[PDB]
Amino acid sequence: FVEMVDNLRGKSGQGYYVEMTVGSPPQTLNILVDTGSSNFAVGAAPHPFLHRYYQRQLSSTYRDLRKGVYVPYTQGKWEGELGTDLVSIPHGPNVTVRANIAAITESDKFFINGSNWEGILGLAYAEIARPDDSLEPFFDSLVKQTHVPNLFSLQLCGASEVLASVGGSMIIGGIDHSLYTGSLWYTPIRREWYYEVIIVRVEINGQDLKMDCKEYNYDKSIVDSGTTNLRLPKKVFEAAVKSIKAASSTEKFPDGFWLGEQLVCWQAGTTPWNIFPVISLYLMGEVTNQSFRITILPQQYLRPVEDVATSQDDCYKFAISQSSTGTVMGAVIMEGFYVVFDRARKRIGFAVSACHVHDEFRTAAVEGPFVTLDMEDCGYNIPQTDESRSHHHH
Ligand SMILES: O=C1Nc2ccccc2[C@]12CCNC2
Ligand SMILES: [Zn+2]
């Protein structure tokens, strides 16, 4: 899988992208690797934040589906026109696929200035594809049309006038053993829509938050490479910040820091890492009543940002933030670990990443099993709206 190592790039906090080609002749574009969505969509007209964009008219293999599409998120939205074309990943498997492509004609707060990506590769399942689940996602087409095994794995590696460059690997169709150390532990995919998982316990420096475990998964928990932060439901976020504040309390930061709105700095090389606690998320195991924990360091949840003003200092942003749409294990979580999206066996694997940032006292960890007697169900059941209920699924 050596051709696929180091096939991701980006700027810290602005997303990890893979180079792709679309059309004949091939048009090169940088595409955000997003496990939190299910569309393949590309800028297809001019925009202040785009260096370039997909030109449908210039591809001999383009076919128009004569259907539009709209995709809104909490943060960002876009629209455009559906088609199919030939798609390749130059630093990926040596194959070409005909895939659905949404050509983005208008957007708001979607593209990011300086991020260097021009589209989004949604790697999650058909159930959350827009406009509906009959629009086959890219990965589904790749698997149906070629020999590629139904699995991919991600190694996201964390980091004065520009943000820090980041790198990573998307291994399509298998697992590369150079990218991790130790044991690979799996948590079941609860339902194939998002990459939904179940968190059963949360500890901050070995201390249990002691919430009803449904709170951890209210209203869902997902793994999303296209989200920067670890995002936590309001109640959990408040409890967690209260605990990190207590552990770190020899230092008094502004409110803005804990809201993710302000940097805090120390003299170059003097950051007191050991005043900030590790955070452990216990995930449901493949075996009933078992779990395993993934443990991240402050080196994951404190994001480095060079201050043009005091570029003499090491400065950081707090990258845990509040959610009202459940837990999101974003790049903060993922940068600890080699993460295996084992779609074939409806599971997600975690192992300690060979590239994760740590120090000489602590490492990110993946440890199990931990066993419980008579587990409560920690899953939440989203209220069924009449809209969603009325959908037929043929
Ligand atoms: O919710 C989001 N808003 C946004 C904006 C731009 C790119 C990617 C995204 C996501 C889509 C799913 N993962 C993150
Ligand atoms: Zn019907």
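Residues numbered from 1 in each chain as written, not as in the entry; some residues may be left out. Chains lettered and ligands numbered in written order. Heavy atoms only, no water.

Listed as the method for this PDB entry is X-ray crystallography; the listed resolution is 1.70 Å.

Taken together, three strands build an open sheet; the order of strands is β17-β21-β20 and the sheet is antiparallel. At either end of the open sheet lies a strand with only one pairing partner, and these are β17 (264-267) and β20 (302-304). Direction aside, the axes of adjacent strands within the sheet are offset by 35 degrees on average. Note: β17 against strand β21 (residues 313-318), four bridges, orientation antiparallel. When the bridges of β21 are listed, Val264 appears paired with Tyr316. (Pairing = 2+ DSSP bridges. Helix = DSSP H or I, 4+ residues; strand = E, 2+ residues; numbered from the N terminus. Axes fitted to C-alpha atoms, helices over the stretch in contact; angles between N-to-C directions.)

What the rule picks out here adds up to 21 salt bridges. Its salt-bridge partner being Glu136, residue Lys144 comes within 2.9 Å of it at the nearest N-O pair. Judged by its relative accessible area of 64%, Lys144 is exposed. Across the pair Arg303 and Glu335 runs a salt bridge, and its minimum N-O distance is 3.2 Å. In this pair, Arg303 sits in strand β20 while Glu335 sits in the loop between α5 (331-334) and β24 (337-342), placing the two residues 32 residues apart along the sequence. Residues joined by salt bridges that share partners form a network here, namely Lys77, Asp108 and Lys109. (Salt bridge = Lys/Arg side-chain N within 4 Å of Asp/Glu carboxyl O. Buried < 20%, exposed > 50% of the residue type's maximum accessible area, 1.4 Å probe, protein only.)

Taking burial as the measure, the eight residues of strand β3 (residues 27-34) include seven buried ones, the bulk of the element. The sheet contact formed by strand β2 (residues 16-22) and β3 spans six bridges and is antiparallel. Within the sheet, the bridge partner assigned to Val18 lies in β3 and is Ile31. Counting the residues in the hairpin turn of β2 and β3 gives four residues, including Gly23, whose phi is positive at 90 degrees. Taken together, the four bridges between β3 and strand β8 (residues 119-122) define a ladder with parallel strand orientation. Considered in β8, the bridge of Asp34 is made with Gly122.

Glancing now at the UniProt feature "disulfide bond" in the protein. In this model the annotated disulfide between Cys213 and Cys378 is intact, with an S-S distance of 2.0 Å against a 2.5 Å threshold. Here the residue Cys213 occupies a position in the loop between β14 (207-208) and β15 (221-223), and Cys378 occupies one in the loop between β26 (365-371) and α6 (386-390), the gap between them amounting to 165 residues. Classification of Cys378 by relative accessible area gives buried; the value is 4%. Sulfur atoms of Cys265 and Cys315, annotated by UniProt as disulfide partners, sit 2.0 Å apart, under the 2.5 Å cut-off for a formed bond. A residue pair is termed long-range when its members are at least 10 positions apart, and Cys265 in strand β17 and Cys315 in strand β21 qualify at 50 residues. Overall, the relative accessible area of 32% leaves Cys265 in the partly exposed class. Take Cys315: its relative accessible area is 2%, and that puts it in the buried class. (Disulfide = S-S within 2.5 Å. UniProt positions renumbered as here; feature names shortened; annotations may be inferred.)

Pairing in this open sheet of five strands is antiparallel, and the strands run β14-β13-β18-β19-β26 from one edge to the other. Among the strands making up the open sheet, the edge pair consists of β14 and β26. With six bridges joining them, strand β18 (residues 279-284) and strand β19 (residues 290-296) adopt antiparallel strand pairing. Within β19, the position partnered with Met284 by the bridge is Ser291.

Take the site of ligand 1 next. Surrounding ligand 1, one finds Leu32, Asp34, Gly36, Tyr73, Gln75, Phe110, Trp117, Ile120, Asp224, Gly226 and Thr227. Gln75 has a polar backbone atom sitting 2.8 Å from a nitrogen atom of ligand 1. Residue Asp224 places a side-chain N or O atom 2.8 Å away from a nitrogen atom belonging to ligand 1. Alone, ligand 1 offers 340 Å² of accessible surface; in the complex the protein occludes 84% of this. The class makeup of the residues in the shell around ligand 1 is five nonpolar, four polar and two charged. (Near = heavy atom within 4 Å. Polar contact = N/O pair within 3.5 Å; in protein donor to acceptor, adjacent residues only side chain to side chain. Areas by Shrake-Rupley, 256 points an atom, 1.4 Å probe, with all protein chains shown as cover. Nonpolar A, V, L, I, M, F, W, Y, C, P; charged D, E, K, R; others polar.)

By the assigned domains, the protein splits into domain 1 (16-148) and domain 2 (149-394). One C-alpha centre belongs to domain 1, the other to domain 2, and the line joining them spans 26 Å. Domain 1 puts 22 residues into the contact, and the matching count from domain 2 is 28 residues. Overall, the association of domain 1 and domain 2 removes approximately 2100 Å² of surface from exposure, summing both partners, and the carbon and sulfur fraction of that is 63%. When the buried surface of domain 1 facing domain 2 is broken down by residue, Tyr16, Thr35 and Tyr125 rank first, second and third, together holding 39% of it. Across the pair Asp140 and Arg343 runs a salt bridge whose closest N-O atoms are separated by 3.0 Å. Here domain 1 is connected to domain 2 by 12 residue pairs in polar contact. When contributions to the side of domain 1 that touches domain 2 are tallied by element, the ones reaching two or more residues are β2, β3 and α1 (138-145). If one sorts the elements of the side of domain 1 that touches domain 2 by residue count, α1 sits on top with four residues. For the side of domain 1 that touches domain 2, the class distribution of residues is 13 nonpolar, five polar and four charged. (Domains from an automatic or database assignment. Contact = heavy atoms within 4.5 Å. Buried area = accessible area lost by both parts, 1.4 Å probe.)

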